[PDB]
Structure formats: structure tokens, C-alpha cells
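Trainee: below you'll find the sequence and an experimental structure to go with it.
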Amino acid sequence: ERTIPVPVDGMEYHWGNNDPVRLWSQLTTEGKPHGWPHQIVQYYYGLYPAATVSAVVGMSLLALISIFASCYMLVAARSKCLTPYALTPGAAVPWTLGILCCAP
Amino acid sequence: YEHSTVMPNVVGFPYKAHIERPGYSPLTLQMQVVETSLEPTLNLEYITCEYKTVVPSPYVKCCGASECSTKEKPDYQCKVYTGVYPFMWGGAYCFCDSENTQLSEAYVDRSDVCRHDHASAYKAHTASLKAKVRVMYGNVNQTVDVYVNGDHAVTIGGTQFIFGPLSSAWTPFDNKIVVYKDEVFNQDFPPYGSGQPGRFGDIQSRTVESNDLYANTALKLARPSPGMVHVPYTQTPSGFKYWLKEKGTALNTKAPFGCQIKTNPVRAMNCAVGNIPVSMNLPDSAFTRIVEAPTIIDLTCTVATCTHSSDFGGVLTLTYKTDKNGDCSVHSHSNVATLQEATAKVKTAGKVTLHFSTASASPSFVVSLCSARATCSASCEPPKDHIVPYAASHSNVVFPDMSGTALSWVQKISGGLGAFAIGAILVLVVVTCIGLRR
Amino acid sequence: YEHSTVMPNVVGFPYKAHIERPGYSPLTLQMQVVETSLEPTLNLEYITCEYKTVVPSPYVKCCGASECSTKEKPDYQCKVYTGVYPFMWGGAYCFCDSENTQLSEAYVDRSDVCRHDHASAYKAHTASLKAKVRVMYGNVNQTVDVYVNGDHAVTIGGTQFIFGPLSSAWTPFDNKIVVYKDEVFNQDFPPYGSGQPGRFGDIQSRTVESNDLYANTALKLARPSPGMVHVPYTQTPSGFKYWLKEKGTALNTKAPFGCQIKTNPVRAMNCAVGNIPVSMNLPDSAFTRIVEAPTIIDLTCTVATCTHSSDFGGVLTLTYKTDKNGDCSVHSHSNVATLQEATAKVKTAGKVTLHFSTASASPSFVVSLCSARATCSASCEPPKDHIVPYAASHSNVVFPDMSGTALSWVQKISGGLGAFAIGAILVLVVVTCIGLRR
Ligand SMILES: *[C@@H]1O[C@H](CO)[C@@H](O[C@@H]2O[C@H](CO)[C@@H](O)[C@H](O)[C@H]2NC(C)=O)[C@H](O)[C@H]1NC(C)=O
Ligand SMILES: *[C@@H]1O[C@H](CO)[C@@H](O)[C@H](O)[C@H]1NC(C)=O
Ligand SMILES: *[C@@H]1O[C@H](CO)[C@@H](O)[C@H](O)[C@H]1NC(C)=O
């Protein structure tokens, strides 16, 4: 018994004196391509592993950097708004401002 | 009317080419490739066959001496041996006890079956292409043999077709090849006049009928045994048989792109690579004016079943309103999906059904019937089988439409994050502006 | 022993090669080229020849009509005319005054002489080379036909020679050529199946013996004049004769590098371009031992007369002192001046004379006799003949030696200027140093 790899391009084999025989492979894979995102991811991975892994990690990295940058920008905006009150001797922050933005 | 298109060079794949000019209904031409042939230009270098050794009877001189003169023969070896006492069945051949001399010589010549069993050494060059093409349109069905080189111009039903040139300069043959019976090998060979004993090309000849021969097989002669009459010689075995024993792997079982090698003449068939440009000049008799063509209004498209596979596993229906029964040309404007029929019978019923094949999870493509167009978006489930015997009947494409489910999810996530970022940047802008106004 | 060199590809130029090895006297080889051939490999496209218009006797039907069906013949043209009253020498032909019908047809075929007179279209590819080389050394003087390919290995007197490959892939043939009789033309031709009337390629056949024919000559028929029995036709004259009239200028009187074009097969001869590499393997029997070769001591060279011309216009004298009479190989170790004799005879008198040719005003080189070397430098004068009937026998070198008059004057001027500049620079540096001291 032997095992022969059949890619999507096809395989031709010759055995003895019969005519050579050709075989082709369809695009079958596990998972379902129209459900929750994990099912789609696993279907695509079954069809093409390396490209799908690369795409997923790139998407995750981009989402993470975007969200972290925007959160840091909002924090910096809060700090810039609230700093001039702390440098002022005495005085106080309006309660509306201290409720809208967390002011210790 | 002049037109140009590009068709893939894969055998058995139907091609629909769309033609549309003002003042006439659109038309679709079915073009297919039945077989392709790729032949190189060969110039012979030498041929090789098995050898045979010609050794005549020795010349024994009793009570005397002899000397031999050089001849002009392939690998002529001669020697004179002194002090011999030959014997026979009756008795001593010579009366003199130790004054005899034996002259021996031998040479080599091509075998008596060299015309029927030999291997040829060829040098390959630029290769030309021939093809057989089936053309269908209207009431025209014909197969023609063409040269794909941009020169041949064929006429099918008064329509001029020019093919080629091929878009890839690829050949499987190396510069030097060797041909034997029904096999070609990409093996380099020794140059003429410089063969080596024991290996390929130990005897060389410019052609089968040539009267010259170059032989180098290390013929050596030996002194005859005492009390004996014979001629002993040592010589390396024939290099042709040695080559035949372990020639290697033939190019027939190693040629890429799954294309078949045949000999007499040397050629490679069905070599699937590249694409062929087609230039066409059509007469006005094959078109139909708008006046005698049906008018289609308010036509929309929907899909019934879609399972993307190498077969035609897809059915889509088209609804329309017309004014008279007739025939129309139907076509798909994208290569994501490929249709099967080219002409559709339109009737007053208002519904037609067509088959198609695709290879993406969610294909979106625009179809056209007569002068009207519509869009078709679908979702197709993968097949359950693993191996099929036939080849793919679709162009390979996998990228889904931007309105597909996965694309929809990524678009939603991106839009949410973009709105979040826009809000953050707007807040920063207003904060810094009010701060600077202070 | 194995040696390698390069030799110019000029027909009739005597090349001298020097072989020097430890333990043996130097050897001088003479190599010359007598004829070079350059043949491109060709594939046929079609042939063209004058045509003939075949028209049969007209058909006349009295009181009846006829209709003619198309036939698969080259440019077949058939027509039917109504209302004819043909006349013959006896009188009228039919009672029906206006109920007769005439049927006329004509077509075009190849001439009966097309086999003996045709023009062929060819496509040119990479071209091989053939050469004939004469080699002299010692007592060996032989000519040999070789391929300048890097493949052929020839044996001459126990010595193995290999030529090629050429150092410049240049061919005087365009991609497409047309061959007729004994002339070749670098003209493009219309593609097969796309001939135009009145010019080259009005009729085309794939080969001389083929049966299919493609003709396009605008054979139009016209109605017969009243009271007549004939068939009138207007046809554009044959394009082959028209091409013959003003074909153009042949490549025979236009080919560059001064090489002659011959047909059957298509080839070029004596194309002076590039240089040929030579690889040789000599046996040890062709040399001479040092112990028997004369030893030369105290060798000096003087030049009596010099005149740089295409002839061997220069005489040099060598003085020496030996121990035994003999013959030794003499060579020039530079390129500016080329010698004529390869071997010279040395006697106890101690004076030999040699002839040489040069092209520089002040040639300086090294002359090697047997085993010793000396330097030769002289001054020459130009010749007086403006035009000569033989090719130059010297490699074209014009740059004078550094010891010549012109370069000597340049050196003197440069040295004076440099010394004066150095003096000025030294004075300034001294002044700035003494100033910086304070
Ligand atoms: C002999 O002549 C007569 C008259 O010239 C021919 O009769 C004519 O036949 C054609 C077709 O058969 C008709 O269209 C005409 O109307 C006929 N003419 C008359 C006056 O009737 C007859 O065909 C001729 N026969 C032969 C054998 O020549
Ligand atoms: C075209 O001709 C071929 C050859 O006879 C035939 O097999 C094929 O069915 C024809 N096609 C159509 C659509 O009739
Ligand atoms: C070599 O042989 C040819 C053939 O006759 C002759 O013409 C030529 O002069 C010879 N050369 C020498 C150097 O003897």
C-alpha cells in the first residue's frame, strides 16, 4: 500500500500497462462559512492555514494598537483639561466637571 | 468589426467571449481548445549504436619473420609475436622449433543492426506552437488547426481569426537531449570526437549512412598462450548497453505541467501554461439589429442553490417582462463565476433558469441578458466529497464579495473602532481649542 | 600538455602561437583560416509564384434559365446573366429572342512552371558556423574542417584541437527573409491567409507539392456585350512580377563586414567579426629536449630599414654567439609588430635577418630567439602608395612607444614644468615655515 499526495492541481499515476489515470481534489474543509466568526475562521484555516493565521494575527494587532492609542489619547486629553486647576493654589473644580471627568 | 481578447491555455475549458456594438444585440462566442502541440527545432549532432569486433585469423610464418603496417581503420590494433610453436589436431604446424612468427590484428566496426537500434543526440532550440480550436457561434460549429504565432489567419464562416503569440516562453526540453525509441532524456553528452570508453558515446557517427566512424574502446592484444593458436584481446564492454541499463528517469514521467511527451517528431502536447491572445474580425451578417430583438424591462436575479464545486453546482433564476418570444445572449461579466449556456430562449412566461460554477463562499457577479443587466449575490456551502476524476470547470478565485458575511463582520468592527477613534480625536480637538482660547 | 589562446577571425591572417614549457625548447605554431561559413537554421512559411486564370467555355441555354452552385476552388467566381442573343459565324444561336441565359465562371490556379520558379519565405534563427583551418608545426602541414561551436574535437598529428565558441553573436540576416534564385532579401512578408492583391503574396501555398491554395486577386466578372460569345473579366495583375520589377536592393550588395552571401543552403562566407578561442592538447613527442637545442648568449637586436605599410616593410638583424648549428623558433612577444618566419637557422657566424610588418611610427617590442630574448626599438617612415590591392597583414596598432620622438618631447616639457612647480612649492613652504617660526 502507498500514499500519494493530490493537490488542487492534480496527480497522474501509471500502473503496469494500463493508461495513466488522473485525479483532482475539490475544496473541502471543516467548519461552516456562514455562522459565528470562529466557524468562519476555522473554515478558512482548513482551506488555507498560513495565510489565515497571518491575517488573523494582523487584524488583532491592528485592533489592539488602535484601541490602545485612542484610549491613551482620551486620557491625555483629560489630563490636559484638568491640569490647570491643580497648579492653582486653593480653588476647586466645579462638581459638574468633577462628575463628568473623574477629578480626585 | 475588430475585437481582441485573451483566453487561458488549458484544454477543455469553455470560453465565452462577449461582443457588443452600438445598433446591434450583444453576441457570445464559444471558443475551446481541443489539443495543443509544442515542437522544438532539432539539429542532429551524432548517433550511437552497439559495436562489433572484427578479428581475422592469425598469420603464422614458419621459419621466417613478418612485420605489419599501419592501416586507416577505426581502432586498428596490430602486433607481431616472436617465438611461437603452434599446434593443431594432427601435429606441429611448423617444422622449425623457435623461428616462427605470429601476426595478429583486430579492429571495431558498427553493428549490423545500427539502422534499427540506435540513440540520437539532439540540440534543442526555439519551439513553435500548433493548436486545434473549436469555434461555435450562432449556427456555426467548426474545428480548425492553427499556428499560435501571430501569423496564421483562419476564416470560419467568413470571420477572420488570428491567434497568438503565446504569453510565456517556456519549454520543457533542455539545450541538449537524447532520443531513443519512444523516450527523451535531458542528459548532456560528450562532444563529437572526444568520447570516453565504457560510457555513452564510445562510438560516434554523424549519421546512420555516414562512412566514417570514431571508436575508442581500449582494445588491447595479448601474447598467445604456448602450444596454442588463437588471438586474445581485452576491451571495455559496449557503452551503449551500459547506458541503456541505467539511463535514469525519462522526461515522460518528470515533465512539469502534466503535458505528454511524444516522439517522431519530438513534441510535447497539452502543455498547460500561459494564455493566448485572439484577434477577430467579424462580418455584419452574424449580428442582429435591435429592432428585431426582444426588449427586456425590470429584470431581477436570485439564486436557488449554490454548492461550490468543480461541477456546475449552482442554479440561478431570472425574472423578466418582454414583448415577444425570441432568443437572447446571456453572459457573466466577472470571472468569479462561469456560466454554461450562451443562448437563452426568452418567452412570455417571465422566468428562466441557468446553471453556473463558482469557487468562492459568497460570489457577487453581474449577469446580462440581451441588453439588460442585473446583479447576483449568493452564499454557497462547501462540498462533501474529496476526490473527483474530472478537471476544474471554473477559474480559481476565493476572495469573497465585500457584502459577504465575513467581510460584513470585519466592516462592522472597523466602523465601530473608527467611530470610537473619531470621537476621541474630536474630544481632544475641542479640549485643546478651549484650552488655547484661555 | 594543455594550452589555450585566441585568434582573430580574419581570413588569410597568419597567426603565430608560442608554446613554452619547462624542460623543452619553445615551439611556434602557425594557424590560418581559409574559409568560414555561417548558416542560419530556417523554417518555411510559404512560396509564391505567378498564377493563371482558368476560365472555361461559357454555357448558353436557349429558352431556359440556369443557376450555378458554389465550389471549393481558389477565388471561384460564378455568375448568370439573362437576356442574351449570342451570334456565331453561321448566324443566330437560338429562337428565343430574350429568353436565353448565359452562365460564366472562372477561378485561379498555380502556374505550370511554379515548380521551376518560385520565391520562398523564411524565418531566421540562431546560426551555426563552419570553418576551414590550416595548421603548421615542425613537419606537419594540414588543413581541417571544423565546427566553431565548442563541440568538435579534431586530431592532427596526435594533437587535439577544439575551436569556438565565437565571441560575438552577430548575424547579417533579419528575422524574416525572402529567397529567390541566388538572392536573399531582408523584407517582411504578409502573413499566411492575409494576402493583398497586386503585391507580394497574392497567392500562397504551404509547399511546392501541396494541394490547398490561398488566392485573393479581385476576380470580378462583367456582362457580355450584345451579340457576342465571350466572357469578360477584370483582374489585378500578378503581384509576383510586380515584386520582381522593383524588389529593392539585395543583401548581396548590402551585407556589412564584407562577407559574401550564397544560397543553397542560405549561408554567408568570410564574415570578419570577433575572435575564435582555441584549446589544444599536444603530445610530448612534438617538442625537443633542451640539452640538444642550442643555447643563445649575448643577443642584441638592430633594425636597418622600417616603413609601416601593409607589406612586410621592415628588416631586423640579430647578432649572437652559439655552440652548435641548428634551428630554433623565433617569435615576437608583442602585438605592435608581427613577424613572417616562424623558425630560423642559427650557425656559428652569429648573424640572422628577419622580416616584419608594423603600423606605428616608433614600434618597440621583444624578439625571442630559441631561448633568449632581446628588445627591438626603431623609427619608421610612411609609405608613398595611396592604394594597394591586398589586405593589411598587421594588427592595427598606432599608439607610439614611450621612447619615441613625440613622447620624448612631451616628457621633456612635462618634466621641466613639474620641476619648476616643485621649486615654487618648496620656496613657498620654506617661507611659510620661517614665518611661522617667529
Ligand atoms: C423550338 O422553338 C420553340 C419556339 O421558338 C420553343 O418553344 C418555346 O419553349 C420555351 C420553353 O420550352 C417557352 O418558354 C416558349 O414560350 C416556347 N415558344 C413558343 C412560341 O411556344 C421550343 O422549346 C424549341 N424546341 C427546341 C427543341 O429547340
Ligand atoms: C459541435 O460539433 C461537434 C462535432 O460534431 C459536436 O460533437 C457538438 O455536439 C456540436 N455542438 C453543438 C452545440 O451542437
Ligand atoms: C602546406 O601545404 C600546402 C599544400 O600544398 C602548400 O600550399 C603550402 O605551401 C605548405 N606550407 C608549407 C609551409 O610547406
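Mentor: Arrived safely, thanks for sending. Residues are numbered from 1 along each chain as shown, chains lettered A, B, ... in the order given. Ligands and ions are numbered 1, 2, ... in the order given.

Trainee: longest single strand anywhere in the chain?
Mentor: By default, I'm working from chain A. Selection of the longest strand in chain A by residue count, based on DSSP state E, yields strand A:21-25.

Trainee: not quite, I wanted chain B
Mentor: strand B:27-40.

Trainee: just how off-centre is that strand within its chain?
Mentor: Relative to the centre of its chain, strand B:27-40 is centred 14 Å away, using CA atoms, centre = their mean, to the nearest Å.

Trainee: for chain B, which residues are neighbours of chain C?
Mentor: Applying CB under 8 Å from any CB of the partner chain, one finds that chain B approaches chain C through B:41, B:43, B:45, B:125-126, B:128, B:150-155, B:162, B:191-194. Using the backbone N, CA and C atoms, a C-beta is placed for each residue, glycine as well.

Trainee: which among those count as buried?
Mentor: B:41, B:45, B:128, B:151, B:152, B:153, B:154, B:162, B:191, B:192, B:193, B:194 (16 or more other CB atoms under 10 Å in any protein chain shown).

Trainee: spatially central residue in chain B, please.
Mentor: Among the residues of chain B, the one closest to the centroid is residue B:271, at 2.3 Å (CA atoms, centre = their mean).

Trainee: is it correct that that one falls within a strand?
Mentor: No - Residue B:271 is assigned coil when assessed by DSSP: H, G, I helix; E, B strand; the rest coil, not a strand.

Trainee: give me the residues contacting whichever strand or helix holds residue B:373.
Mentor: Assigned by DSSP states H and E, residue B:373 falls within strand B:372-377. With contact meaning CB atoms under 8 Å, 6 or more residues apart in numbering or on different chains, strand B:372-377 is reached by B:296-297, B:299-303, B:316, B:318, B:320, B:333, B:362-368, B:401, B:403.

Trainee: those residues in helices, which ones?
Mentor: Applying DSSP state H to the contacts of strand B:372-377, no entry is found in helices.

Trainee: among the residues you listed, name the buried ones.
Mentor: Buried, going by 16+ other CB under 10 Å: B:296, B:299, B:301, B:303, B:316, B:318, B:320, B:362-365, B:367-368, B:401, out of the contacts of strand B:372-377.

Trainee: next, count neighbours for residue 31.
Mentor: If you meant another chain, say so; for now it's chain A. Residue A:31 has 16 neighbouring residues, counting by other CB atoms under 10 Å in any protein chain shown.

Trainee: try chain B instead
Mentor: 20.

Trainee: residues contacting it?
Mentor: B:7, B:14, B:15, B:17, B:133, B:134, B:135, B:136, B:278.

Trainee: likewise residue B:225?
Mentor: residue B:232.

Trainee: ok, now how distant is it from residue B:91?
Mentor: 18 Å (CB to CB, to the nearest Å).

Trainee: just residue B:291 next, same as before
Mentor: 118 Å.

Trainee: tell me the one of the buried ones among the contacts of strand B:372-377 nearest chain A?
Mentor: Taking CB to the nearest CB as the measure, chain A sits nearest to residue B:362 out of those, at 8.1 Å.

Trainee: isn't the closest one up against residue B:405?
Mentor: Yes - Residue B:362 lies in contact with residue B:405 (CB atoms under 8 Å); the separation is 6.7 Å.

Trainee: give the residues shared as contacts by these two.
Mentor: residue B:379.

Trainee: can you get me a residue count around residue B:313?
Mentor: Residue B:313 has 18 nearby residues by other CB under 10 Å.

Trainee: likewise residue B:172?
Mentor: Count around residue B:172 with other CB under 10 Å applied: 21.

Trainee: ok, the one 3 residues further on next?
Mentor: Applying the criterion other CB under 10 Å, we find 10 residues in the vicinity of residue B:175.

Trainee: do you know how far it is from residue B:124?
Mentor: To residue B:124, residue B:175 is 6 Å away according to CB to CB.

Trainee: and what of residue B:370?
Mentor: Taking CB to CB, one finds residue B:370 at 51 Å from residue B:124.

Trainee: of the buried ones among the residues of chain B next to chain C, which belong to helices?
Mentor: Among these, no member falls in helices (DSSP H).

Trainee: export these to CSV and tack on distance to residue B:246?
Mentor: Below are these laid out as CSV (distance: CB to CB, whole Å):
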residue, distance to residue B:246
B:41, 30
B:45, 22
B:128, 34
B:151, 44
B:152, 44
B:153, 50
B:154, 48
B:162, 48
B:191, 22
B:192, 23
B:193, 25
B:194, 22
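
Trainee: count the neighbours of residue B:201 for me.
Mentor: By other CB under 10 Å, the residues close to residue B:201 number 24.

Trainee: cool, residue B:314 as well?
Mentor: 26.

Trainee: what's stretch A:81-95 in contact with?
Mentor: By CB under 8 Å, 6+ apart, stretch A:81-95 touches A:97, A:101, A:103, B:431, B:435, B:438.

Trainee: and these, which are buried?
Mentor: Buried, going by 16+ other CB under 10 Å: A:103, B:431, out of the contacts of stretch A:81-95.

Trainee: just the ones of the contacts of stretch A:81-95 in helices?
Mentor: Short answer: the contacts of stretch A:81-95 in helices (DSSP H) are A:97, B:431, B:435.

Trainee: nearest to chain C, of those?
Mentor: The closest of these to chain C turns out to be residue B:435 (CB to the nearest CB; 63.8 Å).

Trainee: for the host helix or strand of residue B:146, name the packing helices and strands.
Mentor: Counting by DSSP H and E, the element that carries residue B:146 is strand B:140-147. Secondary-structure packing of strand B:140-147 (3 or more CB pairs under 8 Å, 6 or more residues apart in numbering or on different chains; DSSP states H and E): strand B:127-137, strand B:153-156, strand B:159-163.

Trainee: just checking: what are the partner strands of the longest one?
Mentor: To tie it back to what came earlier, the one meant is strand B:127-137. Sheet pairing for strand B:127-137, assigned by DSSP bridges, gives strand B:27-40 (antiparallel), strand B:140-147 (antiparallel).

Trainee: out of those, deepest packed?
Mentor: Comparing the strands paired with strand B:127-137 by mean neighbour count (mean count of other CB atoms under 10 Å in any protein chain shown), strand B:27-40 comes out on top with a mean of 19.

Trainee: now that one against strand B:159-163, angle please.
Mentor: 40 degrees (axes from the mean of the first three to the mean of the last three CA atoms, to 10 degrees).

Trainee: got the residue ranges for the helices in chain A?
Mentor: A:37-47, A:49-87, A:95-100.

Trainee: and the first one, what's buried?
Mentor: When you say that, I think you mean helix A:37-47. Here helix A:37-47 shows A:40, A:41, A:42, A:43, A:44, A:45, A:47 as buried, counting by 16+ other CB under 10 Å.
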